[PDB]
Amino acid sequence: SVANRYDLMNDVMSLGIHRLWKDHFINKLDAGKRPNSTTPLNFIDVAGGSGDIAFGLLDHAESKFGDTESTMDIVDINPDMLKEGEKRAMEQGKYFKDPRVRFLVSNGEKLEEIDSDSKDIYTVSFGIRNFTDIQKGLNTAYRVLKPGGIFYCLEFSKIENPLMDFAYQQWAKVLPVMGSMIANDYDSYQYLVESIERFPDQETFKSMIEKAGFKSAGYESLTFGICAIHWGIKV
């Protein structure tokens, strides 16, 4: 199971703390059809096929706003990931065979199957660092949102403090060595560490988001900047 591996890797990298970042990410977004409204919202979640963010967005909308009508497209380029999503949906007995929830194979940079100006909320969580073309992803995220749409991102970022950054770098050195020796999994851990290293820092990423067309771009650094929430608004 590929999704089991990503979960494992995320748990190892962040010592389980990514679960709390995600909880925060959802709470902060505070998205959903208000009891004062009759228009249901249209969600899209990209590059998290196994669905922990998508389901949590939906769960949050239900328990806090009574929203049970908002739709959700869960999109990933990896079919295996979406398969694990559906399986988890079946096993938890929620969002499996649900008209509201669609699982779709699609390239995160193109999203051809999705209509321009169709979406209200776009989320990408710990996936965008692996896009071969990050800007094209952000541009594409601009396309599919409606005016007044919100782009929300959770991704690894840059640690500001030198002492913490130094510790993290030693952690990033040892991680692929341990993986190799213990799990014959050098390549996976090396790619993970490199994709974090290569990812733009808070300010650079915010600019790339404004360059895509989004306005009132901001970010909140979490756990000293080991990761960050970025946002944007379409026109």
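For every residue, the number given is its place in the sequence shown, counted from 1.
In this entry, 97-105 has the higher mean Cα B-factor, the comparison being between 97-105 and 158-166.
With 171-179 and 39-47 compared on mean CA B-factor from the PDB entry, the stretch scoring higher is 39-47. When the C-alpha B factors of 189, 55, 205, 65 are read from the deposited coordinates, the top value falls at 65.
Within the listed group 131, 122, 126, 142, the record reports its top CA B-factor for 142. Among the modelled residues of its chain, residue 61 has a C-alpha B-factor that falls in the highest third, as given in the PDB entry. Per-chain ranking of the deposited C-alpha B factor places residue 15 in the lowest third. Among all modelled residues in its chain, residue 69 ranks in the highest third by Cα B-factor.
Among the modelled residues of its chain, residue 212 has a C-alpha B-factor that falls in the highest third according to the deposited record. Among the modelled residues of its chain, residue 90 has a C-alpha B-factor that falls in the highest third, as given in the PDB entry.
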